[PDB]
Amino acid sequence: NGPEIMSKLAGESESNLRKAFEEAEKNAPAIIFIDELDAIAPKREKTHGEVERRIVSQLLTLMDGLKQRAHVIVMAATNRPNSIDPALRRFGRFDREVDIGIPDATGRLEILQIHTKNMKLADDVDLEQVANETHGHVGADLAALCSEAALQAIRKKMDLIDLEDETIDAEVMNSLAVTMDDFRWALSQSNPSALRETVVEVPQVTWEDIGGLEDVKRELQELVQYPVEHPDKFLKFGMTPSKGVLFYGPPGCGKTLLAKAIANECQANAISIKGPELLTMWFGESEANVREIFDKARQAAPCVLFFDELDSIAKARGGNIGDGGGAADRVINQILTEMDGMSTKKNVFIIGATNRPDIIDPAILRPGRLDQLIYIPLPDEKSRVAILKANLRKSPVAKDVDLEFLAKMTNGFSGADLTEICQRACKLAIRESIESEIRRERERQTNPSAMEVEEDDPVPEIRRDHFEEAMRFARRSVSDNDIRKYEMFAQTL
Amino acid sequence: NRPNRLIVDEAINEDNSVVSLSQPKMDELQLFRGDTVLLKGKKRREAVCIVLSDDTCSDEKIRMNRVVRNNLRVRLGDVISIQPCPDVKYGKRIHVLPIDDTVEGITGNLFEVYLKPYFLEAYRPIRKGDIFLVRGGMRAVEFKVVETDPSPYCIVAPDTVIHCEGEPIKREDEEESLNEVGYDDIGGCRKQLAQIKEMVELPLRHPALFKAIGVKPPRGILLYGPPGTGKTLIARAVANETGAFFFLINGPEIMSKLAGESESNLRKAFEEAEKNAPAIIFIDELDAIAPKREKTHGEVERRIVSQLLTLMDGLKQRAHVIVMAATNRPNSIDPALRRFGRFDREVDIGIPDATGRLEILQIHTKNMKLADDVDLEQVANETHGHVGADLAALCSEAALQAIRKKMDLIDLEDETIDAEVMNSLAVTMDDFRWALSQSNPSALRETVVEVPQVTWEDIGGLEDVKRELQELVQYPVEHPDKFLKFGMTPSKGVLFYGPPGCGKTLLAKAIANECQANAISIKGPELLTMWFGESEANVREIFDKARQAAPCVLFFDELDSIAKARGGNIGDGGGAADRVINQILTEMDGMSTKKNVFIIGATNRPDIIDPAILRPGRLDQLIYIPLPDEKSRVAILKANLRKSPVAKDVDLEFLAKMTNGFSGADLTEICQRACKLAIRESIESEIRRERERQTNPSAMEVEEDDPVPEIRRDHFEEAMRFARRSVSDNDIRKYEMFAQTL
Ligand SMILES: Nc1ncnc2c1ncn2[C@@H]1O[C@H](COP(=O)(O)OP(=O)(O)O)[C@@H](O)[C@H]1O
Ligand SMILES: Nc1ncnc2c1ncn2[C@@H]1O[C@H](COP(=O)(O)OP(=O)(O)O)[C@@H](O)[C@H]1O
Ligand SMILES: Nc1ncnc2c1ncn2[C@@H]1O[C@H](COP(=O)(O)OP(=O)(O)O)[C@@H](O)[C@H]1O
């Protein structure tokens, strides 16, 4: 333990370290584990005391001497690779490195299973929902949640039941069960999520979620699936697969969904970086972090890297006319620098997205960088019906509706608009249900009828009335001038 | 289950020896409010009390105060036995006697003040050995009845001769003096107090349980807040109210020594706490011991933190010792302590509100004699920014003024000042006003969180907006299952756009008042300060507060201020994006819906707002606030004028009709101007009347009549001359065009 070594004098600490190494040697096959390594050996810039520098050299000498003697293995735990000295990350001391990352929904569900073995649970546990809503937590957080959820129920029940009846015994102790309401309380009242950094995981979106764009599906598969599956075919001929693609098109056309659909289809990690992050880098003048991103993509291969709002920086410093200057800026320069110095064999695809390709710096469209450009057009009637069906496959609906009629009645729309229409219809339905239920509850309370239940779902499903009402506020979002501009850019190429 | 026993719990009444039962229990115990009842208690002792009836208390919970609990030795959560005693028999001069080695300012005849008023009009039941307490002369003295002529207990009657002895018999060692603090000595921190009570009630009153189950209790708690908020007070109160051994550590005491002595003292403290388990350790001035390594340079400073970390790690293995630490802000200390197993649990004390300040004043004004002009509500309203220490200092200074003025003149030569003249002095509100105006180093200028007092009836009109806001805010919290049945996830975030002075700021507080949720407001000057200082990190802290004050409402006004600073609508060479809005979007995107933290923005120039903040997942519902109309203007006038005296000759409807395209601010200004004219006229008339008759030596001439208690149409019509429109019709056209072009 780091603090135990740092809570002593030079002689005692540097004797304990050597004694520990000797005892590890004596009892082979032995594994030494070190934690809080940064507490012992940070970068020399942060070290001032002479004893602090004297304690690192001893560790370096011990690591160097380890290779000659015994089968002792050494493992160390740190928060980040760059928090410690760089002399340890050499050939012979700490060559091998590993990342633990974060658990996913399956991992969180597994952790809950591990922590709920000996506890008694009811039939409303549905741990899948808890795993879904448990975002940002880690193993310790899940353990704390389970303990607190158990504590609520036990404290409320026992104090009333047994504080005077009799000395609580095992039977009454284990008679108590647990309920999902306790879990909800412990997860809402106590939600100290200890994670706000990036995330890497395989998404869940599928091709069925997408509406249309089948040719784009084929063109993306040819780019991504073929190189990984069949390298010998490329070897026989002379072409090397190009990594990097750029989507350009009107907003709200499903650009963000394809980047995750491809990863789900190929079962590969995915990383998404939004425009506000880029603007934060620009304002803070913190370009080094870009490197870290690629490092992660290097250690999560195969993986897909996604960039959206790529024209945000150009928009910030003036519009199409722009401020006095050129297309180049700092962050795109660093991105190009990182892209050029990357090996093809690592299998890290790069995807960019935009709706104003004209003001993009042309240097990123050159060969060796993003060079394949794909246009995402507005959905058509055949596609629009697919979007409506895809979004409405998760809510109860009636049969009087005419989805095709709504599809034909819409022209020059986006998926976002139809999603908003569905959300508004659902809002109307829930408001009507709330009003009806509250009125029913209030009317009969005055009448002292101890038994009066005409229980019927007032509106379990929606009808054409709400949908046609929502059609009043529904209107176009993208101007036809924008579509003309997009077509002009797609033709002038 | 042998319904003879019953739990004990807190009482609201100030008087002694009164137990309040739960009403549904009348005929099961068979005793009414006119019957005294015997309650059993540990080490074979008892008491007898009269009973009251109330509704709010729970069935199994008697309510009884500290004085009647201590002699029973009963500690809250413990169970005692209740049995009726209609066989009560009066006594003849029970012998009563002061306790303790000595009493401050004690001499002469204390019985005519500390006994007879208390027993009078009371018929208080009393058992031999009881410690019933009396209060007066701004001191709390408790008198133990040593002998009762009949036995076991007696009613006190006005026909009992009284026995004036006044001997200091020292208190027995075993009982814990009533001097100690309790839950009744703290006010304004009820929520966090309940949190701590429920968190640490089981491990101390039920450790055998925790060894009967496999679960991990907390073994470290942090409390952060400004100084003088009652942290060590809370820790000591919790320790006293559970019987757990209490240990105290002071940071400067450790830092005022050498390495060997300091790092010994820490370990000996930990071992001593271990020995006396179940025990609680309290640490204050933690930042003085373990700040972030950036601010630490001495090697011993870094060595003293590793010892604490090792001790914290080893604590989990041994005994039931709990550890609590106090700090000013969470970020001032090392991040290595805020891990799983050392200081996982964190709490904020915040600041008291008007109710909290009033409660603190009540706590600090118990033994002081006060007049009939106190109206502490006004003082609490005007006491903005003060904390418990400030209120204590204010009360002490207010008492000091009067005592120093009066006593020096009265008694410096008459005689050695005695108790009678000491306590004869009262206190007067003018002294409070002086002590509150002259000495006002309020120790608070930071943000504030509290439930506002504004209500719907304050707002004039906008009923549809009220309904549409209720649908957004009330429904998700009240009825989630209905959202679960369907597929819609409530959208959190709304934007008000409209002309200035239309009541935008009032709705954000009216909603919070209706829902009884906290509220936070950040004004444009703060945003501009962050912009100029390039301090964006502060934004994060704000959201953290909202996370720890949930459910809560967040408000932002003058959101277009930055866009206005760097040029106007045309603007300087650049785009709509800036730094602070980028950080706000970053914080909004990374926040969970279940936390129930709504966000409200307000503006009058929505055109120059960055479109990126209007996208789905962010502020997406836009509401227009139009100018008040005649029906709304009459309501605004009535709402504003419901606080000032007015005559009846006015025609409010006529004024409302005569105004077109006005704002609430304009009407409030009209009312203020009319009030100013009225007060000026009253002052002039009063001064002229006072000066005219002073020359005429008429000793008795008082035609006392309020010259103008209420205002008439004359002043209002005079104010009509300066009253004029504020918002141009062109701005109205612009707003309507923006509302139609959507
Ligand atoms: N091809 C599509 N199939 C299904 N849904 C779509 C499609 N295109 C857009 N959407 C809808 O748009 C929303 C997401 O928009 P997004 O793709 O992020 O916009 P952008 O393409 O500008 O990033 C989703 O709720 C989705 O329902
Ligand atoms: N919530 C409170 N209620 C009543 N008195 C308080 C409260 N908070 C502080 N005080 C007053 O402050 C004094 C103790 O201050 P203390 O809490 O020890 O300062 P710190 O907050 O630095 O620990 C007491 O005399 C007490 O009257
Ligand atoms: N609907 C309303 N009902 C009552 N008073 C109002 C209303 N609208 C504005 N006011 C008056 O306006 C004043 C506050 O203006 P405010 O709402 O802060 O302006 P803004 O909306 O530009 O922030 C208050 O004194 C209040 O009397």
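Looking now at the overall build of chain B. Scanning chain B from terminus to terminus reveals 27 helices and 21 strands. Along the three orthogonal principal directions, the C-alpha set of chain B runs to about 90 × 85 × 60 Å. If you take every contact in chain B between residues at least 6 apart in sequence, the share linking residues at least 24 apart comes to 83%.

Scanning chain A for helices and strands turns up 20 helices and seven strands. The globule rule puts the C-alpha radius of gyration for 493 residues at 23 Å, and the 30 Å found for chain A is more than 25% above it. Taking the principal axes of its C-alpha atoms as reference, chain A extends roughly 85 × 85 × 50 Å. Nonlocal contacts in chain A, meaning residues at least 24 apart in sequence, comprise 82% of its contacts between residues at least 6 apart.

Moving on, we come to the pairing of strand β20 (residues 597-603) of chain B. Sheet faces and side chains relate simply in a regular strand, where the side chains alternate between the two faces. Residues and elements named next belong to chain B. In the sheet, strand β17 (residues 494-497) pairs with β20 via four bridges, with the strands oriented parallel. When the sheet's bridge partners are listed, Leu-495 is paired in β20 with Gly-601. Note: strand β19 (residues 552-556) against β20, five bridges, orientation parallel. By the bridge assignment for β20, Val-553 is matched with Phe-598.

On to the sheet that holds strand β10 (residues 139-147) of chain B, then. Residues and elements named next belong to chain B. Spatially, the three strands line up as an open sheet ordered β7-β10-β9, and their pairing is antiparallel. At either margin of the open sheet sits one strand with a lone partner, and together these are β7 (95-98) and β9 (133-136). Neighbour-to-neighbour, the strand axes of the sheet open up by a mean angle of 35°, direction not taken into account. The pairing of β9 with β10 spans four bridges and is antiparallel.

To continue, consider the packing of aromatic side chains. With centroids separated by 5.3 Å and ring planes inclined at 80°, the aromatic side chains of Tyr-248 of chain A and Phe-489 of chain A adopt a geometry described as edge-to-face. One end of the pair, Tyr-248 of chain A, is in strand β3 (residues 245-248); the other, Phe-489 of chain A, is in helix α20 (residues 480-492), and 241 residues separate them in sequence. A ring pair is formed by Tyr-497 of chain B and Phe-738 of chain B, whose centres lie 5.2 Å apart and whose planes are at 80°; its orientation type is edge-to-face. Taken together, the residues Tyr-497 of chain B in strand β17 and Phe-738 of chain B in helix α27 (residues 729-741) connect sequence positions 241 residues apart.

Residue and element names in this part refer to chain B. Put simply, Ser-151 and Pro-152 share a cis peptide bond, and its omega is 0°. Mapped onto the elements, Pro-152 comes out in the loop between β10 and β11 (153-155). Geometrically, the link from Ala-277 to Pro-278 is a cis peptide bond, its omega value of 0° lying close to zero. By the element assignment, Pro-278 lies in the loop between α9 (259-275) and β14 (279-284). Positive phi is not limited to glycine here, since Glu-121 has a value of about 60°. Following the sequence through the fold, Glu-121 ends up in the loop between α3 (116-119) and β8 (125-127).

Another point: the UniProt feature "binding site: ATP 2" in chain B. Residue and element names in this part refer to chain B. The positions UniProt marks with the feature "binding site: ATP 2" are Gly-501, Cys-502, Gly-503, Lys-504, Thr-505 and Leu-506. Tracing the backbone shows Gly-501 in the loop between β17 and α18 (504-515). Along the chain, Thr-505 falls in helix α18.

Next up on the list: the pattern of salt bridges. The salt bridge involving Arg-463 of chain A is made with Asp-465 of chain A; its shortest N-O contact spans 3.2 Å. A salt bridge links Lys-564 of chain B to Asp-560 of chain B, with the shortest nitrogen-to-oxygen separation between them at 3.2 Å. Where salt bridges share partners, they join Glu-36 of chain A together with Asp-313 and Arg-342 of chain B into one cluster.

All names here are of chain A. Relative orientation of the contacting elements helix α2 (residues 10-26) and helix α3 (residues 50-66) amounts to 15°, with a least axis distance of 11 Å. Considering their axes alone, α2 and α3 lie roughly parallel with respect to each other. For the crossing formed where α2 meets α3, the hand is right-handed. Of the residues in α3, those touching α2 at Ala-10, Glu-14, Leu-17, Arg-18 and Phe-21 are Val-51, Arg-54, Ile-55, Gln-58, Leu-59, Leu-62 and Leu-66. When the residues that make up the contact of α2 with α3 are grouped by side-chain class, the tally is eight nonpolar, one polar and three charged.

The next point concerns the UniProt feature "binding site: ATP 1" in chain B. Residue and element names in this part refer to chain B. Feature annotation in UniProt places "binding site: ATP 1" on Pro-227, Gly-228, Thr-229, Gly-230, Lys-231, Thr-232, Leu-233, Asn-328 and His-364, given in this structure's numbering. With a sequence span of 138 residues, these residues are also far apart in the fold, their greatest C-alpha distance being 24.9 Å. Not counting the four nearest positions on each side in its chain, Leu-233 is found in contact with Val-181, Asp-185 and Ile-186. Within the element layout of this structure, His-364 appears in helix α11 (residues 354-364).

This part takes up the interface of chain B and chain A. With 53 residues of chain B at the contact, the number on the chain A side is 57 residues. At the level of secondary structure, the elements contributing two or more residues to the side of chain B that touches chain A comprise β1 (5-9), α6 (207-212), α10 (299-315), α16 (463-478), α17 (480-485) and α22 (579-589) of chain B. Considering each element in turn, the side of chain B that touches chain A owes the most residues, eight residues, to α10 of chain B. Residues that form the side of chain B that touches chain A fall into these classes: 16 nonpolar, 16 polar and 21 charged.

This part covers the environment of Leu-220 of chain A. Mapping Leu-220 of chain A onto the fold places it in helix α9 (residues 214-229). Counting along the chain gives 38 residues from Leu-220 of chain A to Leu-258 of chain A, while the straight-line C-alpha distance between them is 9.1 Å.

Moving on: the packing of helix α25 (residues 664-695) of chain B against helix α26 (residues 713-722) of chain B. All names here are of chain B. Closest axis-to-axis distance for the α25/α26 pair is 9 Å, and the angle between their directions is 125°. Put simply, α25 runs oblique to α26. Once α25 is placed against α26, the crossing between them reads as right-handed. Where α25 approaches α26, its residues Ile-670, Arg-673, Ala-674, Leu-677, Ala-678 and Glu-681 are matched on the opposing element by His-715, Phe-716, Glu-718, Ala-719 and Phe-722. Per-class residue counts for the contact of α25 with α26 are seven nonpolar, one polar and three charged.

All names here are of chain B. Spatially, β13-β14-β15-β12-β16 is the arrangement adopted by the five strands of the open sheet, whose pairing is parallel. Either end of the sheet is taken by a strand with one partner, and the two such strands are β13 (245-250) and β16 (345-348). For this sheet, the mean inter-axis angle between neighbouring strands, taken without regard to orientation, is 20°. As paired elements, β14 and strand β15 (residues 322-327) share four bridges and run parallel to each other. Considered in β15, the bridge of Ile-281 is made with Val-323.

In this section: the environment of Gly-228 of chain B. Structurally, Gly-228 of chain B can be placed in the loop between β12 (221-224) and α7 (231-240). Not counting the four nearest positions on each side in its chain, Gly-228 of chain B is found in contact with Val-387, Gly-388 and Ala-389 of chain B.

Turning next to the side chain of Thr-603 of chain B. Residues and elements named next belong to chain B. Of note, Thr-603 is situated in strand β20. At a separation of 3.4 Å, a polar atom in the side chain of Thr-603 contacts the main-chain amide nitrogen of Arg-605. Leave out the neighbours within four places in its chain, and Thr-603 touches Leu-495, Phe-496, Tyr-497, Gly-498, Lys-504, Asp-560 and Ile-609.

Quick notes on the rules
- Residues numbered from 1 in each chain as written, not as in the entry; some residues may be left out.
- Chains lettered and ligands numbered in written order.
- Part of a larger assembly, values for the part shown.
- Heavy atoms only, no water.
- Residues with missing side-chain atoms left out of burial classes, pairs and counts.
- Helix = DSSP H or I, 4+ residues; strand = E, 2+ residues; numbered from the N terminus.
- Contact = heavy atoms within 4.5 Å.
- Rg over C-alpha atoms; globule rule 2.2 N^0.38 Å.
- Pairing = 2+ DSSP bridges.
- Axes fitted to C-alpha atoms, helices over the stretch in contact; angles between N-to-C directions.
- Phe/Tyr/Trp six-rings, centres within 6.5 Å; stacked < 30°, edge-to-face > 60°.
- UniProt positions renumbered as here; feature names shortened; annotations may be inferred.
- Salt bridge = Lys/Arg side-chain N within 4 Å of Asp/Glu carboxyl O.
- Parallel < 35°, antiparallel > 145°, perpendicular 65-115°, else oblique.
- Left-handed = near helix turned anticlockwise from the far one by under 90°.
- Nonpolar A, V, L, I, M, F, W, Y, C, P; charged D, E, K, R; others polar.
- Polar contact = N/O pair within 3.5 Å; in protein donor to acceptor, adjacent residues only side chain to side chain.

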